[PDB]
Amino acid sequence: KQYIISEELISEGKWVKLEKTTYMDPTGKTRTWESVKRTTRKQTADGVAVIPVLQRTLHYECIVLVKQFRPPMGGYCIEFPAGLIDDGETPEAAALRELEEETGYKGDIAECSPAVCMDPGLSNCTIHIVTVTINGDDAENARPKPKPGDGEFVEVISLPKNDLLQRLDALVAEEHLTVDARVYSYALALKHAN
Amino acid sequence: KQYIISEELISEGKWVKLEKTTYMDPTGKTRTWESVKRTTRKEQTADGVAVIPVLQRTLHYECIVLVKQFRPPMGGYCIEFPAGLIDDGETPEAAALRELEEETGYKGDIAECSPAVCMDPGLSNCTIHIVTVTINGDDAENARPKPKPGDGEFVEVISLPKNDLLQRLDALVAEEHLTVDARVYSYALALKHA
Ligand SMILES: c1nc(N2CCC2)c2nc[nH]c2n1
Ligand SMILES: c1nc(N2CCC2)c2nc[nH]c2n1
Ligand SMILES: [Cl-]
Ligand SMILES: [Mg+2]
Ligand SMILES: [Mg+2]
Ligand SMILES: [Mg+2]
Ligand SMILES: [Mg+2]
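Protein sequence lines correspond, in order, to chains B and A. Numbers 14 to 55, 57 to 208, taken from the authors' numbering, label the letters of the first sequence in order. Quick note: the second sequence uses the authors' numbering, first residue 14, plus one each step.
Below is the structure:
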């Protein structure tokens, strides 16, 4: 019933562009929307985000998150490890690569989502959510070395899975960080389960 | 360590703007970023709300109430938590309850309200509160709920059992071209992982 008629370029940067989208509303009336897109899409999606389950015997299972300065937010955010998918890279490979560069951990793929949208009222941006386990008892994950690319500066924060929502709430209250909505949604569901 | 030095307007729409952000990196070097923001944020603690609406009814499994709508930035249909922007002077809770009623017809009761969480912090400053609301589906008000769409709003309600949400979403994606929202998928994955 609804569909895109045309897209008008408004402004194109190196990384991001803004378009004016014309679309048919379901009454047969023509309407416009201000839409954001990345200029980098090739890929199944723009990016990947990794849900990294750190498994160490005799410890609680942890979810590994990252903290970085985010210029659009003007502050520090707590997020799943994540990055854009390289041209000709599979989402699974992007997931292990980004996880290693951002955290130093070497993980194994558990499952991979379909492309999912980030903020569909605003942008066309999509990601694959890739669940990865990390065997924290393996020697390669003993002293995990983060490999920050040029212009990346990432702190690693591992939080127990069974208390994740309360641990995040505490970080927000004391550290004045912004938690990512996907991470928050994951944490809420861990509490809402059963 | 890191902070914003300047924000230069590149292009300003009715709803969305694009900025060149200058910031200080942690080595002490000046760098730039292309940043998206909405034009509609005033004194609100966030741009919008998304609602996690848990439909509860005697002798029924709990359901998660979702909405399906055409999203012009995506060029197609998306499955999302009910959501909208917070009106000026409106609380996030009030906005949640109001958007849930407008989009679904249901009258919920507040359960919890998140701090402001970021939508896509490598791209935009956009933030929401995630508001958990229970719906008493035994109450007569919630028997035959009718959405009250705004001008240009055309929303379908999809209620899925919490106990099988991820599979039910996968089955929806298998049957039509539609995209699931990343917060919905994250919530569904944690329900499985718990
Ligand atoms: C048109 N209307 C929008 N509104 C949000 C409430 C109506 C919008 N948001 C991002 N781009 C947009 N273009
Ligand atoms: C600068 N660099 C960006 N990226 C480095 C990897 C994507 C970017 N993304 C949105 N805006 C941006 N401005
Ligand atoms: Cl898992
Ligand atoms: Mg990253
Ligand atoms: Mg990177
Ligand atoms: Mg809405
Ligand atoms: Mg609405």
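Ideal placement from N, C-alpha and C gives every residue a C-beta, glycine not left out.
Enclosing beta strand (DSSP E) for residue i [first to last residue]
i: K30/A; result: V29 to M37
i: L191/B; result: Element bounds for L191/B: n/a, residue is neither H nor E.
i: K81/A; result: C76 to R84
i: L22/B; result: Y16 to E25
i: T43/A; result: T43 to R51
i: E93/A; result: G89 to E93
i: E125/B; result: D122 to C126
Reduced DSSP category for residue i - H, G, I as helix; E, B as strand; rest coil
i: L136/A; result: coil
i: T117/B; result: helix
i: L178/B; result: helix
i: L72/A; result: coil
i: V168/B; result: coil
i: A184/B; result: helix
i: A156/B; result: coil
i: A96/A; result: strand
Neighbourhood of residue i by C-beta, 7 Å cutoff - its chain only, sequence neighbours within 5 removed
i: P158/A; result: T117, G118 and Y119
i: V64/A; result: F94, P95, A96, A109, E112, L113, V144 and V146
i: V193/B; result: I92, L182 and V186
i: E32/A; result: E20, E21, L22, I23, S48 and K50
Closer than 8 Å: residue i CB and nearest ligand 7 heavy atom
i: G97/A; result: yes
i: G163/A; result: yes
i: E116/A; result: yes
Near ligand 4: residue i beta-carbon under 8 Å from a heavy atom
i: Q15/A; result: no
i: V168/B; result: yes
i: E112/B; result: yes
Cβ shell of residue i (< 8 Å), same chain only, five flanking positions each side left out
i: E75/B; result: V67, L68, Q69, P174, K175 and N176
i: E125/A; result: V144 and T145
i: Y16/A; result: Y36 and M37
i: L191/A; result: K81, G89, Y90, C91, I92 and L185
i: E154/B; result: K120
i: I18/B; result: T35, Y36, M37 and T43
Length of the line joining the Cα atoms of residue i and residue j
i: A59/B; j: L98/B; result: 9 Å
i: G61/B; j: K50/B; result: 13 Å
i: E166/A; j: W46/B; result: 13 Å
i: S199/A; j: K205/A; result: 10 Å
i: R196/B; j: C131/B; result: 11 Å
i: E21/A; j: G135/B; result: 24 Å
i: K14/A; j: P39/A; result: 6 Å
i: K30/A; j: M87/B; result: 14 Å
i: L179/A; j: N208/B; result: 14 Å
i: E189/B; j: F83/B; result: 13 Å
i: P85/B; j: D122/A; result: 36 Å
i: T34/A; j: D164/B; result: 18 Å
i: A107/A; j: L72/A; result: 29 Å
i: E103/B; j: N138/B; result: 20 Å
i: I141/A; j: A129/A; result: 5 Å
i: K55/B; j: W28/A; result: 27 Å
i: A203/B; j: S127/A; result: 13 Å
i: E25/A; j: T52/B; result: 19 Å
i: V80/A; j: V168/A; result: 6 Å
i: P160/B; j: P105/A; result: 38 Å
i: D100/B; j: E115/B; result: 14 Å
i: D152/B; j: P162/B; result: 22 Å
i: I148/A; j: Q57/A; result: 26 Å
i: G41/A; j: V170/B; result: 21 Å
heavy atom of ligand 3 below 8 Å from residue i C-beta
i: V67/B; result: yes
i: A124/B; result: yes
i: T147/A; result: no
i: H73/B; result: no
i: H142/B; result: no
i: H206/A; result: yes
Any non-hydrogen atom of ligand 5 closer than 8 Å to residue i Cβ
i: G88/A; result: no
Closer than 8 Å: residue i CB and nearest ligand 1 heavy atom
i: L136/B; result: yes
i: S48/B; result: yes
i: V62/A; result: no
Opening and closing residue of the alpha helix (DSSP H) in which residue i lies
i: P66/A; result: No alpha helix (DSSP H) contains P66/A, which is instead part of the beta strand (DSSP E) from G61 to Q69.
i: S199/B; result: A195 to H206
Distance cut-off 8 Å: residue i Cβ against heavy atoms of ligand 6
i: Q82/A; result: yes
Ligand 2 heavy atom lying under 8 Å from the CB of residue i
i: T53/B; result: yes
i: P85/B; result: yes
i: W28/B; result: yes
i: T45/A; result: yes
Cβ shell of residue i (< 6 Å), same chain only, five flanking positions each side left out
i: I77/A; result: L173, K175 and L178
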